[PDB]
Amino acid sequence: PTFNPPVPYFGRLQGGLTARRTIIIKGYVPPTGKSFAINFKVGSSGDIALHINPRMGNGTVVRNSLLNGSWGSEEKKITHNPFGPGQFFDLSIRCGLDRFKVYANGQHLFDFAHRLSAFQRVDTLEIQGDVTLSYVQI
């Protein structure tokens, strides 16, 4: 469902992941949470074009890709962490031509350049772990 979807969330992306297409994830980080992930995925159990992994322990926002069975290099740099314990967040993820463009609460969070080149192949949004979702628009 679009409203209060229970985690783990599986929502399929109509026509594949198109360019110009924005996904909205509004949610809540529990105080007793350590890790959650947002996965843009080729098939229900395949390649992860974009893996996004807020980790509360060290307060990192880990971006990576899982391609051909292996994790590439992590990108960690941010100017802010909206996923602090007990915080609500409003994420806007836009699939661009050369990058994903990611905003949290209206503030730019990260860009992640496509490594899975043909980003169209992505057909599965996957959210898992320590997060409470209030609204998910694909």
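Rigid core: the largest C-alpha set superposing within 1.5 Å between the two forms. Start at 1 and count along the sequence shown; that's the residue number.
Greater average departure of CA atoms from the shown form, over structures and residues in 6 other deposited structures of this protein after a core fit, characterises 45-53 among 45-53 and 98-106. Farther from the shown form on average, by C-alpha root mean square after a core fit in 6 other deposited structures of this protein, is 1-9, of the stretches 1-9 and 128-136. Mean CA temperature factor is higher for 40-48 when stretches 65-73 and 40-48 are set side by side in the entry. When the C-alpha B-factors of 14-22 and 112-120 are averaged, 14-22 comes out higher. When the CA B factors of the chain's modelled residues are split into thirds, the value for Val131 lands in the middle one.
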